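> Let me give you the structure first, and then I'll get to my questions.
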RNA sequence: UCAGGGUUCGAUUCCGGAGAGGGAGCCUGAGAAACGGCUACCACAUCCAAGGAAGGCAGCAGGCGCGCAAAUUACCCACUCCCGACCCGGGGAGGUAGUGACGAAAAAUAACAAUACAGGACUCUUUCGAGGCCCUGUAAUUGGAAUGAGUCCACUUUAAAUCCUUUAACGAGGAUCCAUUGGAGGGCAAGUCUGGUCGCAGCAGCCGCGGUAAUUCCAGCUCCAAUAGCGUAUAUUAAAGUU
């Protein structure tokens with residue numbers, strides 16, 4: 001309680017709630033829209049780009065590994081993202097200065113696992129999925 | 001060895017044994033797949049004292 | 001134009017206790033899939049939702065009388081409920097198994113020739129039974145109470161009168177053209 | 001095979017000069033007999049001869065053993081020939097309409113817009 | 001979507017409104033500030049003998065471009081209605097087919113005996129042991145029976161046809177007329193089996209696995225879940241009495 005409970009206090013309630021909703025964390029990203037503007041995506045699930053150069057990222061402690069990322073610039077916003085390559089040895093199935101299709105990690109703007117600075121992964125290298133390259137259901141077209 | 005192109009991919013898949021042993025069998029589907037699942041778990045009659053043994057085990 | 005989704009999924013994805021009940025229920029009636037179970041259980045919970053309305057509102061209001069009467073009539077017409085009951089409270093005493101009993105494949109087995117429940121489903125689909133005069137391929141019929149004594153084989157089919165199948169009629173010609181002289 | 005034509009919804013339609021009913025058929029052999037065969041039998045059930053019988057419909061129920069259609073019986077030929085949908089007269093021939101169709105018509109029209117005072121010229125051009 | 005109270009979404013088949021590249025003006029008519037009418041500017045773009053002339057797909061198809069992202073330059077006025085001087089003409093409105101795992105409904109991928117082992121109620125017997133019944137899988141073959149999937153004459157369907165339903169003749173022995181998608185340390189239903197790798201390579205929404213005996217990696221085997229579907233990304237609700 002600690003609040004008015006008149007029968008004519010609809011205004012003082014409905015204007016108060018509309019204000020104290022802005023302090024909520026979820027709401028403040030959704031409704032200012034600065035989230036979208038800042039994102040390298042337009043708010044689309046995927047996006048398409050062109051590879052710039054392979055890189056390797058050294059994982060945050062205590063784990064030690066090299067995580068074989070790429071760096072890609074996008075078509076639809078012309079700006080750059082550092083993107084993970086999943087499975088094993090799929091670095092080889094990516095070849096520089098071609099198109100790729102990117103996709104978010106699965107934690108909505110926040111780095112996943114022990115790798116820092118990488119919020120994206122890669123799905124298609126030339127209309128052929130990393131899954132099908134790895135399994136052998138399709139082959140890289142050269 | 002920790003080393004041996006330890007800055008580069010392929011080191012646990014390109015140097016394993018290659019196995020391609022497989023069976024020939026016809027597995028059941030739909031109705032019959034549930035029929036075997038029902039009988040094999042619950043009615044044979046199943047019970048044996050103090051059993052705890054799971055549906056798999058290497059015991 | 002108009003569509004709806006009949007089944008619903010379980011709230012929890014895994015729970016040994018729940019899974020065992022769904023398994024043993026499928027074993028009993030020889031059902032194909034768990035989607036064929038949740039479908040039934042939707043029907044029950046639907047009827048239970050409608051019922052829970054009518055119990056709150058005084059008797060001798062027109063909504064409660066007319067609805068209840070015609071609801072209970074339908075429950076009696078399929079015979080999952082007695083007329084020695086027929087009160088709205090006894091709607092809530094209904095449960096899953098009574099529905100599944102009224103299914104065609106259950107009634108084929110119960111009142112006609114089969115060797116197991118697994119046999120009976122195959123007979124319905126391979127068109128060797130009828131319901132009064134009419135072939136069916138649906139073992140999920142639900143069978144009105146009056147009609148549980150008109151389940152018969154098909155009037156043309158190898159079971160009952162009608163032409164011999166192509167396993168028989170092959171082998172009959174195997175005594176004259178399959179091994180008769182060539 | 002076994003052919004049973006059974007009479008249902010008898011109406012004497014004086015305004016169109018016909019008699020319209022339902023054509024209820026039972027046949028446990030091969031269900032669905034030719035429509036030609038049906039109108040022979042119905043001709044000799046009201047004695048009106050098969051040049052004023054018209055039938056259509058004939059969807060066969062699941063499991064066979066029954067088929068149901070819809071049939072008319074006209075008093076005279078000229079009353080049928082006048083009333084009758086065009087395709088139903090051409091169904092068992094005594095009528096036709098030549099149709100080119102529907103691209104030859106439009107392409108002629110659009111060419112005709114360009115000329116004036118002569119309608120026959122564009123048609124002559126082939 | 002949801003117990004009650006709510007929250008989010010509504011470009012999109014009904015109804016109302018606004019607009020035909022952007023602006024402005026206007027003729028005709030009962031009705032228009034009309035654009036498959038006209039006149040001008042501005043922005044575009046085409047033909048030309050260079051003197052001039054002509055244009056507006058947010059109509060149906062189709063193409064380019066844009067992007068994560070979206071179908072046939074098909075048939076036809078038979079239905080439904082509309083328009084006309086009119087029973088008779090016309091209508092990419094509209095109806096029909098094609099492409100179509102958006103999504104929804106239906107439910108095939110083997111059912112039954114023989115032998116073979118196996119279990120337990122039951123009976124006889126002092127126990128031992130035997131008989132015998134109910135069912136189970138599981139091997140070996142089989143045996144008889146059944147059916148559409150397909151192929152396919154015929155009827156039927158309809159504007160004409162397809163499909164469907166209806167019907168000949170062919171059409172099943174498990175090897176083929178082949179079910180996959182994910183996972184098996186905990187959350188959370190399922191292996192401390194074997195080989196390889198040995199903080200390397202990789203896995204891991206989260207907690208964490210990997211440094212020579214890896215229940216988590218790479219494979220095989222086995223098992224579990226869901227099942228003609230299942231996984232992944234993002235928006236959004238419930239979970240949130242964390243508005």
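We count from 1, first residue shown onward.
Per deposition record, electron microscopy, 3.5 Å.
Placement of Cβ uses the backbone N, Cα and C atoms for every residue, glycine included.
According to Swiss-Prot:
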| type | residues | note |
| --- | --- | --- |
| REGION | A:1-26 | region 'Disordered' |
| COMPBIAS | A:1-20 | compositional bias 'Basic residues' |
| CROSSLNK | A:37 | SUMO2 cross-link |
| MOD_RES | A:54 | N6-succinyllysine |
| MOD_RES | A:62 | 3-hydroxyproline |
| MOD_RES | A:135 | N6-acetyllysine |
> If we count other C-beta atoms within 10 Å, could you say which of the modified residues A:54, A:135 has the fewest?
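Ranked by other Cβ atoms within 10 Å, the modified residues A:54, A:135 bottom out at A:135.
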> For the compositional bias 'Basic residues' (A:1-20), how many residues does DSSP put in helix, in strand and in coil?
9 helix, 0 strand, 11 coil
> Please work out the number of neighbouring Cβ atoms within 10 Å of the Cβ of residue A:62 (3-hydroxyproline), leaving out its own Cβ.
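The Cβ of residue A:62 (3-hydroxyproline) has 6 Cβ neighbours within 10 Å.
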> What's the number of neighbouring CB atoms sitting within 10 A of the CB on the residue listed as 'SUMO2 cross-link'?
9
> To the nearest whole angstrom, state the Cα distance for the pair the residue listed as 'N6-succinyllysine' and residue A:135 (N6-acetyllysine).
23
> For residue A:62 (3-hydroxyproline) and the residue listed as 'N6-acetyllysine', determine the Cα separation and express it in whole Å.
32
> For the C-alpha pair, I'd like the distance in angstrom between residue A:135 (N6-acetyllysine) and the residue listed as 'SUMO2 cross-link', rounded off.
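Just about 38 Å between their Cα atoms.
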> Under a three-state reduction of DSSP output, how is residue A:135 (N6-acetyllysine) classified: helix, strand, or coil?
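Residue A:135 (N6-acetyllysine) sits in a helix per DSSP.
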